[PDB]
Protein chains: 2
Amino acid sequence: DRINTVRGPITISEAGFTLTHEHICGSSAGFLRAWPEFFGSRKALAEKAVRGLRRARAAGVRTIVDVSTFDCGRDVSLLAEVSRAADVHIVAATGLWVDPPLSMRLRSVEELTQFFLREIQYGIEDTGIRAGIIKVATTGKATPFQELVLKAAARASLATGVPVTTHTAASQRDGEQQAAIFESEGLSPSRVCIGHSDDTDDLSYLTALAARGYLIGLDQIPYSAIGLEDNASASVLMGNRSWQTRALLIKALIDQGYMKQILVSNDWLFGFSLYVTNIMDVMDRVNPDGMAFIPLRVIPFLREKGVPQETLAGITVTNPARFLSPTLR
Amino acid sequence: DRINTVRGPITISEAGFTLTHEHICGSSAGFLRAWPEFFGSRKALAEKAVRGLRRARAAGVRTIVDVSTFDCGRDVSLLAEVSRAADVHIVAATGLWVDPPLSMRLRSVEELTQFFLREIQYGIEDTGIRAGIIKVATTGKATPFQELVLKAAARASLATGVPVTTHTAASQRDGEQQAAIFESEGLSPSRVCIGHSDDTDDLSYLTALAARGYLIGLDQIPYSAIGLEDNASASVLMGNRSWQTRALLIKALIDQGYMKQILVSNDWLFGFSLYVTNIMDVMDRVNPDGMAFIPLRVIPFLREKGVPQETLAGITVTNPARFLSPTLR
Ligand SMILES: [Co+2]
Ligand SMILES: [Co+2]
Ligand SMILES: [Co+2]
Ligand SMILES: [Co+2]
């Protein structure tokens with residue numbers, strides 16, 4: 001009945017309005033520490049991030065879940081710093097993303113399980129800060145290594161009650177194989193969110209997962225490259241569908257009986273080193289609201305379309321709490 | 001005049017007997033910090049390192065060059081720590097190895113140059129410790145990225161007079177492509193060591209490079225998997241030829257008249273996460289002498305084969321000093 005944050009455990013009520021897939025900095029292990037000038041400076045990155053969280057907070061956001069893993073450039077100390085400065089809860093992640101180093105790629109499923117358990121039960125690095133979620137990733141059919149990561153995440157979840165959240169290629173219908181591997185590990189679908197699921201309009205894929213009891217992460221709502229057509233990065237990054245097209249999936253799933261399975265987010269960041277050098281400026285030009293995009297634009301959008309207050313509050317408050325609070329079922 | 005160490009700048013004369021290609025911990029960026037228990041613990045790894053350095057110090061070694069890069073898992077405060085406790089100088093490296101993460105893979109040669117210069121002129125991370133060497137790597141034909149890294153290294157070298165050392169697949173004669181690229185950038189061969197050159201029986205390859213002004217890194221002398229040939233990890237890493245065979249190349253280059261171009265080392269480590277998980281113990285079993293193998297085994301071996309004392313001292317003292325002391329030529 002307690003969710004771990006970068007400032008300690010909080011109760012369920014304290015979580016409140018939660019964004020379930022966000023980042024402070026999108027990068028690689030040690031990159032921020034080794035080359036902060038890439039982000040202007042570590043101080044500039046911090047100030048940017050604090051200003052963003054304060055705006056999100058003014059918009060009603062109380063908690064975010066930072067789903068940056070070790071190899072995804074998680075700097076937990078930075079997460080801790082910005083959290084106290086903005087008074088926004090940040091839940092830190094363990095697991096692995098799509099770019100694990102050789103030191104991880106050579107590990108067994110038993111060692112991977114030990115490491116995830118470390119970051120959950122013991123602490124991240126030497127900070128004593130505990131991960132509150134496990135993040136895994138595939139882009140298309142799982143590699144032999146990604147099979148181990150997924151099995152290991154399932155095992156860490158089953159041992160702690162901490163949930164698993166995923167990065168997918170929705171077009172490749174990644175969730176159907178992620179689901180198959182998790183259920184073979186005996187992991188409850190109620191402990192899993194299949195993310196990036198808003199990247200496609202394939203509703204039959206989404207309700208199949210939602211029917212099994214998975215959580216559906218519609219977590220890139222503001223992502224759109226419309227207007228920035230010839231920008232290579234922004235197109236592979238954000239695709240061609242409008243934000244209103246991504247947000248309609250929320251109503252569509254509400255209308256098929258699955259509002260209790262919907263988690264919503266921006267997948268926003270304040271630093272991003274994994275594309276063209278200036279990808280953060282380009283994303284900022286697309287979404288000047290940042291993390292406040294969900295509460296300022298998406299929530300009113302759905303209200304205008306007839307979705308009651310009661311249902312919206314359930315998606316952004318009740319759903320993340322049920323999901324994040326440690327349990328096996 | 002001076003060389004950058006992890007304990008600050010030193011006069012050339014303090015360098016003494018220098019091992020020019022070693023490691024404290026061969027890992028991935030942030031890996032020791034995130035998962036210290038892979039190595040027993042950070043303390044255990046540090047004590048093991050300090051034990052090893054002291055033993056090499058008793059054997060005559062005064063300075064090592066640690067050529068772990070960012071992606072090689074360089075932990076520069078660990079290096080400093082073991083340096084102070086064992087009283088052995090340690091020159092730290094910039095550059096990139098064969099495992100750069102995505103945030104590095106996506107950078108341009110001008111960005112890469114910015115990074116290497118960062119770690120030389122400014123410092124590594126936030127430690128104030130400055131690199132005194134640039135390490136780069138190829139494995140057969142340079143990938144498009146590796147081409148950028150080598151060019152970036154040459155430009156950084158040309159800006160600071162700090163030298164470049166390389167990992168190669170010697171049997172593929174990588175030294176020839178590396179050199180062609182280095183020279184296209186206007187970098188003097190006297191600021192470049194072609195490492196891992198003892199992996200080949202082809203002395204023509206070596207003397208051609210030495211004749212061009214290059215230093216030749218006979219830097220893996222204790223490496224051998226004879227007696228454990230069915231250990232796949234050790235075989236790929238260490239090969240199937242004895243240490244004497246590796247050591248006899250030093251004499252062949254000496255007899256050819258190129259003692260001025262030779263640098264010897266062990267390529268030893270105290271921690272190793274980049275292979276099967278116990279690779280370090282397997283290596284310790286093959287070479288209990290560790291970093292003291294060069295002074296304790298290789299030097300008396302070559303003295304016994306009729307190499308003068310002034311030649312062995314010139315290779316382990318003079319050549320490293322002339323290499324590391326900052327110059328463009
Ligand atoms: Co993702
Ligand atoms: Co994300
Ligand atoms: Co090497
Ligand atoms: Co090496």
# chains A, B, ... in the order shown; residues from 1 in each chain; ligands from 1

$ residues_near_ligand --ligand "ligand 3" --cutoff "8 Å" --atoms "only C-alpha atoms and all ligand atoms" --output "PDB file with N, CA, C and O atoms, in the first residue's frame"
ATOM      1  N   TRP B  97      35.386   3.332 -27.619  1.00  0.00           N
ATOM      2  CA  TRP B  97      35.817   1.965 -27.817  1.00  0.00           C
ATOM      3  C   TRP B  97      34.850   1.327 -28.814  1.00  0.00           C
ATOM      4  O   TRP B  97      34.265   2.038 -29.623  1.00  0.00           O
ATOM      5  N   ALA B 137      39.160   2.533 -31.448  1.00  0.00           N
ATOM      6  CA  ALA B 137      39.093   1.095 -31.706  1.00  0.00           C
ATOM      7  C   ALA B 137      38.465   0.747 -33.051  1.00  0.00           C
ATOM      8  O   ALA B 137      37.498   1.376 -33.474  1.00  0.00           O
ATOM      9  N   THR B 166      45.391   2.805 -30.021  1.00  0.00           N
ATOM     10  CA  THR B 166      44.324   2.082 -30.701  1.00  0.00           C
ATOM     11  C   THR B 166      44.198   0.583 -30.360  1.00  0.00           C
ATOM     12  O   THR B 166      45.179  -0.105 -30.108  1.00  0.00           O
ATOM     13  N   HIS B 167      42.955   0.111 -30.352  1.00  0.00           N
ATOM     14  CA  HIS B 167      42.607  -1.300 -30.340  1.00  0.00           C
ATOM     15  C   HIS B 167      42.497  -1.713 -31.803  1.00  0.00           C
ATOM     16  O   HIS B 167      41.966  -0.967 -32.623  1.00  0.00           O
ATOM     17  N   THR B 168      43.020  -2.886 -32.142  1.00  0.00           N
ATOM     18  CA  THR B 168      42.954  -3.379 -33.508  1.00  0.00           C
ATOM     19  C   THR B 168      42.699  -4.872 -33.518  1.00  0.00           C
ATOM     20  O   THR B 168      42.940  -5.560 -32.524  1.00  0.00           O
ATOM     21  N   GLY B 195      47.825  -0.497 -31.286  1.00  0.00           N
ATOM     22  CA  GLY B 195      47.836  -1.503 -30.240  1.00  0.00           C
ATOM     23  C   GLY B 195      47.368  -2.868 -30.690  1.00  0.00           C
ATOM     24  O   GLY B 195      46.964  -3.047 -31.843  1.00  0.00           O
ATOM     25  N   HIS B 196      47.428  -3.820 -29.759  1.00  0.00           N
ATOM     26  CA  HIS B 196      47.058  -5.215 -29.985  1.00  0.00           C
ATOM     27  C   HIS B 196      47.791  -5.808 -31.175  1.00  0.00           C
ATOM     28  O   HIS B 196      47.242  -6.621 -31.915  1.00  0.00           O
ATOM     29  N   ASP B 267      47.664  -5.417 -20.902  1.00  0.00           N
ATOM     30  CA  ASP B 267      46.223  -5.295 -21.116  1.00  0.00           C
ATOM     31  C   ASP B 267      45.472  -5.973 -19.961  1.00  0.00           C
ATOM     32  O   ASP B 267      44.439  -6.619 -20.154  1.00  0.00           O
TER      33      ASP B 267
END

$ select_by_dssp --residues "region 100-325 of chain B" --states "strand (DSSP E)" --output "PyMOL selection string"
chain B and resi 133-137+164-167+192-194+215-218+262-264+271-272

$ calpha_fit_and_write --fixed "chain A" --moving "chain B" --output "compact mmCIF listing (two decimals) with C-alpha atoms, in the first residue's frame"
# COMPACT_ATOMS: atom_id res chain seq x y z
CA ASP B 1 0.09 0.71 0.86
CA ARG B 2 3.20 2.58 -0.32
CA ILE B 3 5.02 3.52 -3.53
CA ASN B 4 8.76 4.17 -3.99
CA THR B 5 9.64 7.71 -5.12
CA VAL B 6 12.96 9.50 -5.62
CA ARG B 7 12.20 11.33 -2.34
CA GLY B 8 11.38 8.07 -0.53
CA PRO B 9 8.12 6.10 -0.04
CA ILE B 10 4.70 7.74 -0.29
CA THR B 11 1.17 6.62 0.59
CA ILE B 12 -0.95 5.84 -2.46
CA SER B 13 -3.17 8.83 -1.75
CA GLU B 14 -0.30 11.30 -2.21
CA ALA B 15 0.11 10.23 -5.84
CA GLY B 16 -2.87 12.16 -7.19
CA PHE B 17 -2.99 13.03 -10.89
CA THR B 18 -0.17 10.84 -12.22
CA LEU B 19 1.46 10.87 -15.65
CA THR B 20 2.61 7.27 -16.09
CA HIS B 21 5.18 7.55 -18.89
CA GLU B 22 7.48 10.57 -18.93
CA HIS B 23 11.21 11.39 -18.81
CA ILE B 24 13.37 14.08 -17.26
CA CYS B 25 16.28 13.28 -19.54
CA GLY B 26 16.33 10.70 -22.35
CA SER B 27 19.98 9.85 -22.80
CA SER B 28 22.46 7.00 -22.37
CA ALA B 29 24.04 5.66 -19.16
CA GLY B 30 26.63 8.11 -17.81
CA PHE B 31 26.15 10.51 -20.74
CA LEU B 32 24.73 13.52 -18.85
CA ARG B 33 27.45 13.08 -16.24
CA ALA B 34 30.22 12.83 -18.88
CA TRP B 35 28.97 15.48 -21.30
CA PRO B 36 26.55 17.90 -19.53
CA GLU B 37 27.19 20.66 -22.10
CA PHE B 38 25.19 18.65 -24.61
CA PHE B 39 22.20 19.90 -22.59
CA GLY B 40 23.54 23.41 -22.06
CA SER B 41 24.66 22.29 -18.63
CA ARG B 42 23.42 20.09 -15.80
CA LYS B 43 22.10 23.23 -14.05
CA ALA B 44 20.31 24.49 -17.16
CA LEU B 45 18.72 21.07 -17.72
CA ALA B 46 17.65 20.98 -14.08
CA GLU B 47 16.07 24.45 -14.20
CA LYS B 48 14.31 23.60 -17.47
CA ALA B 49 12.95 20.44 -15.89
CA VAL B 50 11.84 22.28 -12.73
CA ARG B 51 10.11 24.92 -14.87
CA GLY B 52 8.28 22.20 -16.78
CA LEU B 53 7.25 20.21 -13.75
CA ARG B 54 5.91 23.33 -12.00
CA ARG B 55 3.84 24.18 -15.06
CA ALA B 56 2.40 20.66 -15.11
CA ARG B 57 1.80 21.00 -11.35
CA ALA B 58 -0.17 24.22 -11.84
CA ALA B 59 -2.20 22.27 -14.39
CA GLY B 60 -3.01 19.62 -11.80
CA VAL B 61 -0.24 17.00 -12.09
CA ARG B 62 1.11 15.72 -8.76
CA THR B 63 3.22 12.71 -9.77
CA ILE B 64 5.12 11.57 -12.85
CA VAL B 65 6.62 8.17 -13.62
CA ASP B 66 10.05 8.51 -15.29
CA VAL B 67 10.62 5.38 -17.33
CA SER B 68 14.24 6.04 -18.24
CA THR B 69 16.18 2.85 -17.57
CA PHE B 70 19.92 2.37 -16.94
CA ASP B 71 20.57 2.30 -20.68
CA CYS B 72 17.98 5.06 -21.09
CA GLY B 73 20.25 7.45 -19.25
CA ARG B 74 18.34 7.61 -15.96
CA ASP B 75 20.22 10.01 -13.65
CA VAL B 76 18.48 9.33 -10.37
CA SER B 77 19.97 12.20 -8.36
CA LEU B 78 18.82 14.64 -11.03
CA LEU B 79 15.33 13.18 -10.69
CA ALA B 80 15.44 13.65 -6.91
CA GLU B 81 16.68 17.20 -7.32
CA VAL B 82 13.97 18.37 -9.75
CA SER B 83 11.42 16.49 -7.64
CA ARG B 84 12.24 18.49 -4.52
CA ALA B 85 12.40 21.85 -6.31
CA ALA B 86 9.13 21.59 -8.22
CA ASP B 87 7.29 19.57 -5.57
CA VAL B 88 6.18 16.78 -7.91
CA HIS B 89 6.51 13.10 -7.02
CA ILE B 90 8.69 11.12 -9.40
CA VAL B 91 8.68 7.32 -9.55
CA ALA B 92 11.96 6.03 -11.00
CA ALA B 93 12.42 2.96 -13.20
CA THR B 94 14.51 -0.14 -13.45
CA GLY B 95 14.62 -2.50 -16.43
CA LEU B 96 16.35 -2.16 -19.79
CA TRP B 97 15.49 -0.26 -22.92
CA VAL B 98 16.42 -0.87 -26.57
CA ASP B 99 20.07 0.10 -26.09
CA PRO B 100 21.66 -2.15 -23.44
CA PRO B 101 25.48 -1.99 -23.43
CA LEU B 102 27.72 -5.07 -23.76
CA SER B 103 28.00 -5.59 -19.99
CA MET B 104 24.22 -6.02 -20.02
CA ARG B 105 23.87 -7.87 -23.32
CA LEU B 106 26.10 -10.65 -21.99
CA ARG B 107 24.07 -11.35 -18.85
CA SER B 108 21.74 -14.28 -18.23
CA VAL B 109 18.08 -13.93 -17.21
CA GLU B 110 19.04 -14.81 -13.61
CA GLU B 111 21.67 -12.09 -13.62
CA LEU B 112 19.14 -9.68 -15.15
CA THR B 113 16.61 -10.55 -12.45
CA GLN B 114 19.32 -9.87 -9.86
CA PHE B 115 19.86 -6.42 -11.36
CA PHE B 116 16.21 -5.36 -11.54
CA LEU B 117 15.59 -6.58 -7.97
CA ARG B 118 18.74 -4.74 -6.91
CA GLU B 119 17.29 -1.45 -8.10
CA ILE B 120 13.87 -2.18 -6.50
CA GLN B 121 14.68 -3.72 -3.10
CA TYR B 122 18.11 -2.13 -2.46
CA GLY B 123 18.37 1.07 -4.47
CA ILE B 124 19.66 2.60 -7.68
CA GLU B 125 23.46 2.95 -7.67
CA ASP B 126 24.51 4.24 -4.25
CA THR B 127 21.58 6.63 -3.74
CA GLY B 128 19.20 4.57 -1.63
CA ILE B 129 16.49 5.51 -4.15
CA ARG B 130 14.35 2.54 -5.16
CA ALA B 131 12.59 1.91 -8.47
CA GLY B 132 8.81 1.74 -8.40
CA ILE B 133 8.37 0.32 -11.89
CA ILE B 134 10.14 -1.92 -14.42
CA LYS B 135 10.47 -0.68 -17.93
CA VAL B 136 11.21 -3.03 -20.84
CA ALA B 137 11.22 -2.60 -24.63
CA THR B 138 10.77 -4.38 -27.95
CA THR B 139 10.77 -3.18 -31.56
CA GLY B 140 8.95 -5.84 -33.54
CA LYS B 141 9.90 -9.44 -32.78
CA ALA B 142 11.82 -9.72 -29.50
CA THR B 143 15.53 -10.37 -29.96
CA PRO B 144 16.91 -13.28 -27.88
CA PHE B 145 18.19 -10.70 -25.38
CA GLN B 146 14.83 -8.91 -25.12
CA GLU B 147 13.19 -12.25 -24.32
CA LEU B 148 15.56 -12.56 -21.37
CA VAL B 149 14.81 -9.00 -20.24
CA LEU B 150 11.02 -9.54 -20.34
CA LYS B 151 11.31 -12.78 -18.39
CA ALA B 152 13.64 -11.08 -15.90
CA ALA B 153 11.12 -8.23 -15.53
CA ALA B 154 8.24 -10.66 -14.91
CA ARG B 155 10.20 -12.49 -12.22
CA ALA B 156 11.27 -9.23 -10.57
CA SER B 157 7.66 -8.03 -10.69
CA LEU B 158 6.44 -11.32 -9.22
CA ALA B 159 8.92 -10.91 -6.36
CA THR B 160 8.11 -7.32 -5.40
CA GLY B 161 4.61 -6.57 -6.71
CA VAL B 162 6.14 -3.63 -8.60
CA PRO B 163 4.52 -3.34 -12.07
CA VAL B 164 5.94 -3.59 -15.60
CA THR B 165 5.62 -0.95 -18.33
CA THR B 166 6.64 -1.48 -21.96
CA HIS B 167 7.87 0.31 -25.09
CA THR B 168 6.40 -1.24 -28.24
CA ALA B 169 6.14 -0.85 -31.98
CA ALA B 170 2.32 -0.91 -31.77
CA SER B 171 1.84 -1.30 -35.53
CA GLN B 172 3.70 -4.61 -35.27
CA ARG B 173 1.39 -5.71 -32.46
CA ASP B 174 4.33 -6.26 -30.08
CA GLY B 175 1.87 -6.31 -27.20
CA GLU B 176 0.81 -9.82 -28.20
CA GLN B 177 4.31 -11.35 -27.96
CA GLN B 178 5.16 -9.40 -24.78
CA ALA B 179 1.95 -10.64 -23.15
CA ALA B 180 2.56 -14.24 -24.24
CA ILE B 181 6.00 -14.13 -22.64
CA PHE B 182 4.77 -12.29 -19.50
CA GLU B 183 2.04 -14.96 -19.06
CA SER B 184 4.48 -17.82 -19.62
CA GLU B 185 6.23 -16.48 -16.52
CA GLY B 186 2.99 -16.47 -14.52
CA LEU B 187 2.78 -12.67 -14.36
CA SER B 188 -0.73 -11.21 -14.01
CA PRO B 189 -1.74 -8.87 -16.86
CA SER B 190 -2.93 -6.37 -14.20
CA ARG B 191 0.72 -5.66 -13.39
CA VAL B 192 1.60 -4.76 -16.99
CA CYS B 193 1.08 -1.75 -19.21
CA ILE B 194 1.54 -2.16 -22.95
CA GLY B 195 2.87 1.28 -23.86
CA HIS B 196 3.13 3.29 -27.07
CA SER B 197 -0.26 1.88 -28.02
CA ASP B 198 -1.61 5.16 -29.37
CA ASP B 199 0.58 4.72 -32.47
CA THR B 200 -2.04 2.42 -34.03
CA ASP B 201 -5.53 2.72 -35.57
CA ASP B 202 -6.14 -0.96 -34.75
CA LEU B 203 -8.64 -0.88 -31.88
CA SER B 204 -9.11 -4.68 -32.01
CA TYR B 205 -5.47 -5.10 -30.98
CA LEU B 206 -6.06 -2.75 -28.05
CA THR B 207 -9.42 -4.05 -26.72
CA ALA B 208 -8.22 -7.66 -26.86
CA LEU B 209 -5.31 -6.70 -24.61
CA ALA B 210 -7.56 -4.59 -22.31
CA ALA B 211 -10.06 -7.46 -22.16
CA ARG B 212 -7.19 -9.71 -21.02
CA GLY B 213 -6.53 -7.48 -18.01
CA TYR B 214 -3.72 -5.39 -19.45
CA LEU B 215 -3.30 -1.67 -19.02
CA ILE B 216 -3.03 0.26 -22.27
CA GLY B 217 -0.44 3.01 -22.51
CA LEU B 218 -1.83 5.78 -24.66
CA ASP B 219 1.35 7.64 -23.78
CA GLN B 220 2.59 9.70 -26.74
CA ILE B 221 -0.44 11.93 -27.34
CA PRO B 222 1.35 15.16 -28.29
CA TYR B 223 3.69 13.35 -30.74
CA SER B 224 3.27 14.57 -34.33
CA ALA B 225 5.58 15.61 -37.17
CA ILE B 226 2.89 17.20 -39.32
CA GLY B 227 4.27 20.53 -40.52
CA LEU B 228 7.83 19.22 -40.36
CA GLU B 229 7.46 15.96 -42.30
CA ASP B 230 10.88 16.39 -43.95
CA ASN B 231 12.57 16.23 -40.58
CA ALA B 232 13.70 12.59 -40.70
CA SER B 233 14.49 12.32 -37.01
CA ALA B 234 11.16 13.79 -35.88
CA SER B 235 9.16 11.76 -38.40
CA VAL B 236 10.52 8.39 -37.25
CA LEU B 237 10.03 9.49 -33.64
CA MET B 238 6.67 11.27 -33.83
CA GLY B 239 4.87 9.86 -36.88
CA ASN B 240 2.40 11.45 -39.29
CA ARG B 241 -0.89 11.54 -37.34
CA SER B 242 -2.31 14.44 -35.32
CA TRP B 243 -2.57 14.56 -31.54
CA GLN B 244 -6.38 14.54 -31.74
CA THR B 245 -6.20 11.19 -33.56
CA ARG B 246 -4.00 9.85 -30.76
CA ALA B 247 -6.32 11.42 -28.19
CA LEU B 248 -9.43 9.97 -29.83
CA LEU B 249 -8.21 6.42 -29.07
CA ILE B 250 -8.74 7.15 -25.40
CA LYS B 251 -12.41 7.80 -26.15
CA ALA B 252 -12.70 4.66 -28.30
CA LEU B 253 -11.37 2.45 -25.48
CA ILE B 254 -13.69 4.26 -23.07
CA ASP B 255 -16.70 3.65 -25.32
CA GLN B 256 -15.72 -0.03 -25.60
CA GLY B 257 -16.08 -0.25 -21.81
CA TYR B 258 -12.42 -0.37 -20.82
CA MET B 259 -11.77 2.93 -19.05
CA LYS B 260 -10.32 0.89 -16.16
CA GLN B 261 -7.48 -0.23 -18.42
CA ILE B 262 -6.34 3.15 -19.75
CA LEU B 263 -3.21 5.07 -18.77
CA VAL B 264 -2.41 8.33 -20.55
CA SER B 265 0.83 10.33 -20.75
CA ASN B 266 2.92 12.62 -22.96
CA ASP B 267 6.22 10.69 -23.19
CA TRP B 268 7.77 14.12 -22.75
CA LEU B 269 11.36 14.99 -21.80
CA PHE B 270 13.38 18.06 -20.93
CA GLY B 271 16.61 16.69 -22.41
CA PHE B 272 17.14 14.37 -25.36
CA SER B 273 20.48 13.05 -26.64
CA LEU B 274 19.13 10.04 -28.51
CA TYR B 275 18.34 11.66 -31.90
CA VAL B 276 19.59 14.53 -34.04
CA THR B 277 21.24 16.87 -31.57
CA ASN B 278 18.44 19.49 -31.41
CA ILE B 279 15.54 17.04 -31.30
CA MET B 280 14.42 18.47 -27.96
CA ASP B 281 13.94 21.94 -29.43
CA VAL B 282 12.04 20.47 -32.37
CA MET B 283 9.74 18.69 -29.91
CA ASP B 284 9.28 21.86 -27.84
CA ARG B 285 8.26 23.61 -31.07
CA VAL B 286 5.64 20.94 -31.73
CA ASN B 287 4.40 20.91 -28.11
CA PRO B 288 5.13 24.11 -26.15
CA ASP B 289 2.88 22.75 -23.36
CA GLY B 290 5.34 19.94 -22.66
CA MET B 291 4.15 17.68 -19.83
CA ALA B 292 1.18 19.96 -19.19
CA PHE B 293 -0.18 18.94 -22.62
CA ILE B 294 -2.24 16.11 -21.14
CA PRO B 295 -4.07 18.23 -18.52
CA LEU B 296 -4.18 21.45 -20.60
CA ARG B 297 -5.06 20.05 -24.04
CA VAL B 298 -6.16 16.39 -23.91
CA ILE B 299 -8.56 16.55 -20.93
CA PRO B 300 -10.54 19.56 -22.17
CA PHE B 301 -10.60 17.97 -25.64
CA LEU B 302 -12.19 14.80 -24.30
CA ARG B 303 -14.58 16.68 -22.02
CA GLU B 304 -15.71 18.58 -25.13
CA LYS B 305 -16.24 15.25 -26.92
CA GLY B 306 -18.57 14.16 -24.12
CA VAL B 307 -16.35 12.14 -21.80
CA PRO B 308 -17.58 12.63 -18.17
CA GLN B 309 -15.40 14.32 -15.56
CA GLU B 310 -15.40 11.17 -13.39
CA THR B 311 -14.05 9.14 -16.31
CA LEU B 312 -11.17 11.53 -16.97
CA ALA B 313 -10.34 11.66 -13.27
CA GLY B 314 -10.57 7.88 -13.01
CA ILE B 315 -8.06 7.49 -15.85
CA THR B 316 -5.53 9.96 -14.42
CA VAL B 317 -5.98 9.19 -10.71
CA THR B 318 -7.60 5.81 -10.04
CA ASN B 319 -5.87 3.79 -12.76
CA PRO B 320 -2.33 4.96 -11.94
CA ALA B 321 -2.94 4.30 -8.24
CA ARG B 322 -4.22 0.78 -8.86
CA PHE B 323 -1.31 0.16 -11.25
CA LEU B 324 1.54 1.38 -9.05
CA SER B 325 0.31 0.10 -5.66
CA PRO B 326 2.30 -3.13 -5.14
CA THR B 327 0.42 -6.41 -5.68
CA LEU B 328 0.71 -9.65 -7.65
CA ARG B 329 -2.88 -9.28 -8.82

$ select_by_dssp --residues "region 215-286 of chain A" --states "alpha helix (DSSP H)" --output "CSV table (one decimal) with N, CA and C atoms, in the first residue's frame"
chain,number,residue,atom,x,y,z
A,232,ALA,N,13.6,14.4,-40.7
A,232,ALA,CA,13.7,13.0,-40.7
A,232,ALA,C,13.5,12.4,-39.3
A,233,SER,N,14.2,13.0,-38.3
A,233,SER,CA,14.0,12.6,-36.9
A,233,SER,C,12.6,12.7,-36.4
A,234,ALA,N,12.0,13.8,-36.5
A,234,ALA,CA,10.6,14.1,-36.0
A,234,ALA,C,9.6,13.2,-36.6
A,235,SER,N,9.8,12.7,-37.8
A,235,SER,CA,8.9,11.8,-38.5
A,235,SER,C,8.9,10.3,-38.0
A,236,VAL,N,10.1,9.8,-37.8
A,236,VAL,CA,10.3,8.5,-37.3
A,236,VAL,C,10.0,8.5,-35.8
A,237,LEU,N,10.2,9.7,-35.2
A,237,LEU,CA,9.9,9.9,-33.8
A,237,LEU,C,8.4,10.0,-33.5
A,238,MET,N,7.8,10.8,-34.3
A,238,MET,CA,6.4,11.3,-33.9
A,238,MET,C,5.3,10.9,-34.9
A,243,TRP,N,-2.4,14.8,-32.9
A,243,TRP,CA,-2.7,14.5,-31.5
A,243,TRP,C,-4.1,14.1,-31.2
A,244,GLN,N,-5.0,14.7,-31.9
A,244,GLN,CA,-6.5,14.5,-31.7
A,244,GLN,C,-6.8,13.0,-32.1
A,245,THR,N,-6.0,12.5,-33.1
A,245,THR,CA,-6.2,11.1,-33.5
A,245,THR,C,-5.7,10.2,-32.5
A,246,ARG,N,-4.6,10.5,-31.8
A,246,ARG,CA,-4.1,9.7,-30.7
A,246,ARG,C,-5.0,9.8,-29.5
A,247,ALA,N,-5.6,10.9,-29.3
A,247,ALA,CA,-6.5,11.1,-28.1
A,247,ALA,C,-7.9,10.5,-28.2
A,248,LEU,N,-8.3,10.4,-29.5
A,248,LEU,CA,-9.6,9.7,-29.8
A,248,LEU,C,-9.6,8.2,-29.3
A,249,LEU,N,-8.4,7.6,-29.3
A,249,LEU,CA,-8.2,6.2,-28.9
A,249,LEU,C,-8.7,6.1,-27.4
A,250,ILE,N,-8.5,7.2,-26.7
A,250,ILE,CA,-8.9,7.2,-25.3
A,250,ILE,C,-10.5,7.0,-25.2
A,251,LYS,N,-11.2,7.8,-26.0
A,251,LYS,CA,-12.6,7.8,-26.0
A,251,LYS,C,-13.1,6.5,-26.6
A,252,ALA,N,-12.5,6.1,-27.7
A,252,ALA,CA,-12.8,4.8,-28.3
A,252,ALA,C,-12.7,3.6,-27.3
A,253,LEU,N,-11.7,3.6,-26.5
A,253,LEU,CA,-11.5,2.5,-25.5
A,253,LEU,C,-12.5,2.7,-24.3
A,254,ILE,N,-12.8,3.9,-23.9
A,254,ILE,CA,-13.8,4.2,-23.0
A,254,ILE,C,-15.1,3.6,-23.4
A,279,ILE,N,16.9,17.6,-31.3
A,279,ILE,CA,15.6,17.0,-31.3
A,279,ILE,C,14.6,17.6,-30.2
A,280,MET,N,15.2,18.1,-29.1
A,280,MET,CA,14.4,18.7,-28.0
A,280,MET,C,13.8,20.0,-28.4
A,281,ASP,N,14.6,20.8,-29.2
A,281,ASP,CA,14.1,22.1,-29.6
A,281,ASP,C,12.9,21.8,-30.6
A,282,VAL,N,13.1,20.9,-31.4
A,282,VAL,CA,12.0,20.5,-32.4
A,282,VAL,C,10.8,20.0,-31.8
A,283,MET,N,10.9,19.2,-30.7
A,283,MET,CA,9.8,18.7,-30.0
A,283,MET,C,9.1,19.8,-29.2
A,284,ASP,N,9.9,20.7,-28.6
A,284,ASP,CA,9.3,21.9,-28.0
A,284,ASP,C,8.5,22.8,-28.9
A,285,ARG,N,8.9,22.9,-30.2
A,285,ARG,CA,8.2,23.6,-31.2
A,285,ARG,C,6.9,23.0,-31.5
A,286,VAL,N,6.8,21.6,-31.4
A,286,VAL,CA,5.6,20.9,-31.6
A,286,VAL,C,4.6,21.0,-30.4
